[PDB]
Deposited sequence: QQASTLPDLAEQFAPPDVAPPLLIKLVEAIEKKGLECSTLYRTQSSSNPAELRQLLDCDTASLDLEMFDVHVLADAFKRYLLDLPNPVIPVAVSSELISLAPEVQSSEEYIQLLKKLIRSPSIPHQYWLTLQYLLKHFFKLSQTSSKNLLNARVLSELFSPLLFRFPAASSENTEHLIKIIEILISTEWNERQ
């Protein structure tokens, strides 16, 4: 709620918000092989999770609380990781643009826009690297790139839009961007 804009939480040469780095690193240390990571609700309500995003070493918390605070963080950003300026344009694309490569090309062009601080694209890259690392231990945590896209795309885009071949295309590019991180 009081979470500052991504552009105010860090700046190059740093690669991601320091709070998001703590969350991701704690979650990867404690939950990389957890087969319900990001798929089960913890006991804590949003007000308790928000308390966590201010105050301690995060490795001290239950991994399912960290996973919920991670989702809480993405929801409480004043503007989503993928700004609506970008989402609005991607949703407007015609059926004749069928190439996932084209959607990805446009996402990168728009999000790298000078009207959008570089921090947004940097944060997304950091998240994609996290999702890719999780998908590499899928034999144990059961997380592939597509499931991760379906779980987190609504948090990254924060867009209420009726499910179309457009919304399916947003989910698909996130899927592709996770798979092709390395």
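Undergrad: Take the full deposited sequence, match it to the modelled residues, and report the stretches without C-alphas.
TA: Missing C-alpha atoms (numbering from 1) occur across the ranges 1-3, 59-62, 190-193.
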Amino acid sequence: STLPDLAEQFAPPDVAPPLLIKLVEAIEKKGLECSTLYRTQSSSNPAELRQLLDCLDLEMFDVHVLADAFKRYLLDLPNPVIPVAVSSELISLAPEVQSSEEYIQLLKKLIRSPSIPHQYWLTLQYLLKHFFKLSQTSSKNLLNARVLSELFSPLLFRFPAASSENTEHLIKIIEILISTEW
From here on, numbers count along this sequence of modelled residues.
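Undergrad: Between 119-127 and 135-143, which has the higher average C-alpha B-factor in the PDB entry?
TA: According to the entry, 135-143 carries the higher average C-alpha B-factor.
Undergrad: Give the stretch, out of 9-17 and 163-171, with the larger mean C-alpha temperature factor in the deposited entry.
TA: Result: 163-171.
Undergrad: Sort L74, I104, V86, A94 by C-alpha B-factor from the entry and give me just the highest.
TA: Going by the entry's C-alpha B-factors, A94 comes out highest.
Undergrad: Within this chain, which third does the Cα B-factor at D54 fall in: lowest, middle or highest?
TA: Highest third.
Undergrad: Quick check on the deposited entry: does the C-alpha B-factor of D68 sit in the lowest, middle or highest third of its chain?
TA: According to the entry, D68 has a C-alpha B-factor in the chain's lowest third.
Undergrad: Which third of the chain does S43 land in by C-alpha B-factor: lowest, middle or highest?
TA: For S43, whose C-alpha B-factor we compare with every modelled residue in the chain, the answer is the highest third.
Undergrad: Quick check on the deposited entry: does the C-alpha B-factor of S153 sit in the lowest, middle or highest third of its chain?
TA: CA B-factor rank for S153: lowest third.
Undergrad: Tell me, lowest, middle or highest third: where does the Cα B factor of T36 rank within its chain?
TA: Middle third of the chain for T36's C-alpha B-factor.
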